[PDB]
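Q:
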Amino acid sequence: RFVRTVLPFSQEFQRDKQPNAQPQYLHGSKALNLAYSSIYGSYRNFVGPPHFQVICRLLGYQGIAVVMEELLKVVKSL
Amino acid sequence: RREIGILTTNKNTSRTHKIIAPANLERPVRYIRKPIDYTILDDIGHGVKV
Numbered sequence: 863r864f865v866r867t868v869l870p871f872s873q874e875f876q877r878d879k880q881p882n883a884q885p886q887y888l889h890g891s892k893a894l895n896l897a898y899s900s901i902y903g904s905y906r907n908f909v910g911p912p913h914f915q916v917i918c919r920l921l922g923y924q925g926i927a928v929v930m931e932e933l934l935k936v937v938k939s940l
Numbered sequence: 106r107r108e109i110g111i112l113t114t115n116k117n118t119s120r121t122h123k124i125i126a127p128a129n130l131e132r133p134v135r136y137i138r139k140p141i142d143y144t145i146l147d148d149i150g151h152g153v154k155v
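Here is the structure:
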């Protein structure tokens with residue numbers, strides 16, 4: 863598993879937090895939104911096999927290829 | 106598949122048996138008494154005869 867570094871090395875950058883839409887456009891209701899955000903709260907404190915599993919599906923062969931190719935370029939540059 | 110194919114190579118992994126006995130098992134040799142013979146090295150190097 864991967865975890866976040868210590869405070870002085872934590873490179874923060876401002877995120878444009880999205881305006882909240884109506885519950886029907888998310889999980890369905892306020893109760894369900896709260897329930898599901900709690901469910902997925904567990905996954906925010908690390909990066910591991912479940913995250914990698916999801917990344918794999920959502921990117922497919924083409925997404926993985928381009929990410930690998932680009933990571934190689936980051937490494938070449940560094 | 107073509108795009109990911111660029112980043113691939115063959116994995117050289119194969120399957121075999123835990124133990125493979127030799128094609129021919131070593132033949133058991135019977136013990137035969139023979140006297141001390143001092144001539145068995147005469148043909149090795151510059152030998153000398155009795």
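Same order as they appear, the protein sequences are chains A and F.
Residue numbers for the first sequence follow PDB author numbering, so the first one is 863 and each next one is one higher.
Residue numbers for the second sequence follow PDB author numbering, so the first one is 106 and each next one is one higher.
C-beta atoms are modelled at their ideal positions from N, C-alpha and C, and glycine is treated no differently.
So what does DSSP say about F864(A), is it helix, strand or coil?
A: Correct three-state label for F864(A): strand.
Q: Using 8 angstroms as the cut-off, can you tell me whether the segment 904–915 of chain A makes contact with the segment 863–881 of chain A, which would need three or more C-beta pairs spanning the two stretches below that distance?
A: Because the criterion of three Cβ pairs below 8 angstroms is met, the segment 904–915 of chain A and the segment 863–881 of chain A touch.
Q: Suppose you measure from the CA of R877(A) to the CA of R120(F); what does that come to, to the nearest Å?
A: Cα to Cα, the separation comes out at about 52 angstroms.
Q: By DSSP, does residue 950(A) sit in helix, in strand, or in coil?
A: Within the shown structure, residues of chain A are numbered from 863 to 940, placing residue 950(A) beyond reach of any answer.
Q: How many angstroms separate the CA atom of residue 978(A) from the CA atom of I109(F)?
A: Residue coverage of chain A in this structure runs from 863 to 940, which leaves residue 978(A) outside it and unanswerable.
Q: Alpha carbon to alpha carbon, what distance is there between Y136(F) and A128(F)?
A: So the alpha carbons of these two residues sit roughly 25 angstroms apart.
Q: Going straight from the alpha carbon of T144(F) to that of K123(F), what length do you get?
A: Near 47 angstroms, if we compare the C-alpha coordinates of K123(F) and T144(F).
Q: Quick one: what's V909(A) bridged to in DSSP?
A: Note: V909(A) sits in a beta bridge opposite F864(A).
Q: Going along chain F, which residues have a C-beta under 8 angstroms from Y923(A)?
A: Chain F residues near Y923(A): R106, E108, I109.
Q: Pull up the distance between the alpha-carbon of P140(F) and that of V134(F), whole angstroms please.
A: One C-alpha to the other measures close to 18 angstroms.
Q: So, under 8 angstroms CB-CB, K892(A) and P885(A) are touching, yes? Tell me the CB distance rounded to an integer number of Å.
A: That pair is a contact at about 6 angstroms.
Q: By the criterion of Cβ-Cβ separation under 7 angstroms, what are the contact partners of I926(A) in chain F?
A: Simply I109.
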